[PDB]
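Student: I am attaching a structure below and will ask some questions about it afterwards.
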Amino acid sequence: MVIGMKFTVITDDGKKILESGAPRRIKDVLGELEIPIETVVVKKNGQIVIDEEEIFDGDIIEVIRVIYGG
């Protein structure tokens, strides 16, 4: 109907609020900021997901980069 998704990504910076007019995939936004999934853990509302999943309006992306991970 109306396209426009607002979601929150939580990291060390805290909960980051950003909304995108086009409903995109994790990899899209992740790739644009290029956040290395190689060293950080991606969670959807708690569940560990890959960068192949899509983002939704009201979805919570918990990006938890691991301490002593390197």
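Residue names in the structure tokens use chain letters A, B, ... in the order shown, residue numbers from 1 in each chain, and ligand numbers from 1 in the order shown.
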Within chain A, find each residue whose DSSP state, derived from the backbone, is strand (DSSP E or B), and express the selection as a tab-separated table (two decimals) with N, CA and C atoms, in the first residue's frame.

Tutor:
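Result went into out-v2.tsv, see below:
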chain	number	residue	atom	x	y	z
A	5	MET	N	9.63	1.62	5.47
A	5	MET	CA	9.89	0.79	6.64
A	5	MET	C	10.80	1.51	7.63
A	6	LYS	N	10.40	1.53	8.89
A	6	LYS	CA	11.23	2.09	9.94
A	6	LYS	C	11.64	0.99	10.91
A	7	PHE	N	12.93	0.88	11.13
A	7	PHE	CA	13.47	-0.19	11.96
A	7	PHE	C	14.57	0.35	12.86
A	8	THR	N	14.98	-0.44	13.83
A	8	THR	CA	16.04	-0.03	14.72
A	8	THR	C	17.16	-1.06	14.75
A	9	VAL	N	18.38	-0.57	14.61
A	9	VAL	CA	19.56	-1.40	14.74
A	9	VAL	C	20.28	-1.05	16.03
A	10	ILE	N	20.41	-2.00	16.93
A	10	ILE	CA	21.05	-1.74	18.21
A	10	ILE	C	22.49	-2.23	18.18
A	11	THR	N	23.40	-1.35	18.57
A	11	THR	CA	24.82	-1.67	18.64
A	11	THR	C	25.42	-1.00	19.88
A	14	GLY	N	24.08	2.13	20.72
A	14	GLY	CA	22.72	2.10	21.22
A	14	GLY	C	21.74	1.74	20.12
A	15	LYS	N	20.46	1.99	20.36
A	15	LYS	CA	19.44	1.78	19.35
A	15	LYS	C	19.48	2.90	18.32
A	16	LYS	N	19.73	2.53	17.08
A	16	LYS	CA	19.80	3.48	15.99
A	16	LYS	C	18.52	3.41	15.18
A	17	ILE	N	17.82	4.53	15.07
A	17	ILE	CA	16.55	4.57	14.36
A	17	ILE	C	16.73	5.14	12.96
A	18	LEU	N	16.38	4.35	11.96
A	18	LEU	CA	16.43	4.79	10.58
A	18	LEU	C	15.27	4.19	9.80
A	19	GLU	N	14.70	4.97	8.90
A	19	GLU	CA	13.60	4.50	8.07
A	19	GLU	C	13.95	4.61	6.59
A	20	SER	N	13.57	3.59	5.84
A	20	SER	CA	13.89	3.51	4.43
A	20	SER	C	12.59	3.43	3.62
A	25	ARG	N	16.48	-5.69	1.77
A	25	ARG	CA	17.04	-6.86	2.43
A	25	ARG	C	18.13	-6.43	3.42
A	40	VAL	N	30.86	-9.37	13.30
A	40	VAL	CA	29.72	-8.97	14.10
A	40	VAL	C	28.57	-9.97	13.94
A	41	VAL	N	27.77	-10.12	14.99
A	41	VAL	CA	26.65	-11.05	14.96
A	41	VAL	C	25.35	-10.31	14.67
A	42	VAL	N	24.58	-10.82	13.72
A	42	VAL	CA	23.32	-10.20	13.34
A	42	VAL	C	22.14	-10.96	13.93
A	43	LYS	N	21.28	-10.24	14.64
A	43	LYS	CA	20.10	-10.82	15.26
A	43	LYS	C	18.84	-10.09	14.84
A	44	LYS	N	17.78	-10.84	14.61
A	44	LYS	CA	16.46	-10.28	14.38
A	44	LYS	C	15.59	-10.51	15.60
A	47	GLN	N	16.83	-13.54	17.39
A	47	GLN	CA	17.20	-14.74	16.63
A	47	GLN	C	18.34	-14.44	15.67
A	48	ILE	N	19.33	-15.31	15.64
A	48	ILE	CA	20.50	-15.10	14.80
A	48	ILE	C	20.14	-15.39	13.34
A	54	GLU	N	15.08	-10.24	4.81
A	54	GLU	CA	14.62	-8.90	4.48
A	54	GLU	C	14.37	-8.08	5.74
A	60	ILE	N	13.47	-5.34	14.45
A	60	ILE	CA	14.58	-4.96	15.31
A	60	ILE	C	15.83	-5.76	14.95
A	61	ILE	N	16.85	-5.06	14.49
A	61	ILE	CA	18.11	-5.69	14.12
A	61	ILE	C	19.13	-5.47	15.22
A	62	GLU	N	19.47	-6.54	15.92
A	62	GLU	CA	20.45	-6.47	16.99
A	62	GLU	C	21.82	-6.88	16.47
A	63	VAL	N	22.64	-5.90	16.13
A	63	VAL	CA	23.98	-6.17	15.66
A	63	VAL	C	24.96	-6.16	16.82
A	64	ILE	N	25.33	-7.35	17.26
A	64	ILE	CA	26.20	-7.49	18.40
A	64	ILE	C	27.57	-7.98	17.96
A	65	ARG	N	28.51	-7.06	17.85
A	65	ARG	CA	29.89	-7.42	17.57
A	65	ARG	C	30.53	-7.96	18.85

Student: Which residues, written as a ChimeraX atom specification, have at least one atom at most 12 Å from residue 2 (chain A), with only C-alpha atoms counted and residues fewer than 2 positions away on the same chain left out?

Tutor: /A:4-5,20-23,57

Student: Would you put the residues from that selection into a file with N, CA and C atoms, as a short mmCIF file (atom, residue, chain, number, x, y, z; two decimals), in the first residue's frame?

Tutor:
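Result file follows (result.cif):
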data_model
loop_
_atom_site.label_atom_id
_atom_site.label_comp_id
_atom_site.auth_asym_id
_atom_site.auth_seq_id
_atom_site.Cartn_x
_atom_site.Cartn_y
_atom_site.Cartn_z
N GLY A 4 7.47 2.09 3.01
CA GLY A 4 8.25 2.87 3.94
C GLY A 4 8.43 2.13 5.25
N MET A 5 9.63 1.62 5.47
CA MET A 5 9.89 0.79 6.64
C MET A 5 10.80 1.51 7.63
N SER A 20 13.57 3.59 5.84
CA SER A 20 13.89 3.51 4.43
C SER A 20 12.59 3.43 3.62
N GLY A 21 12.49 4.27 2.60
CA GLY A 21 11.28 4.33 1.79
C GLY A 21 11.00 3.03 1.06
N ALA A 22 12.06 2.32 0.68
CA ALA A 22 11.91 1.05 0.00
C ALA A 22 12.27 -0.11 0.93
N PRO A 23 11.34 -1.06 1.11
CA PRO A 23 11.58 -2.26 1.91
C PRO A 23 12.67 -3.13 1.29
N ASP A 57 9.14 -3.03 8.41
CA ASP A 57 8.74 -1.90 9.23
C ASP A 57 8.35 -2.37 10.62
#

Student: Name the residues of chain A that fall into alpha helix (DSSP H) according to DSSP on the backbone, using the chain letters and numbers of this document, as a list in words.

Tutor: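 Here are the alpha helix (DSSP H) residues of chain A: residues 26, 27, 28, 29, 30, 31 and 32 of chain A.
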
Student: How many Å separate CA of residue 32 (chain A) from CA of residue 67 (chain A)?

Tutor: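 CA of residue 32 (chain A) sits 23.8 Å away from CA of residue 67 (chain A).
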
Student: To one decimal place, how far is CA of residue 24 (chain A) from CA of residue 12 (chain A) in Å?

Tutor: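 Those two atoms sit 23.5 Å apart.
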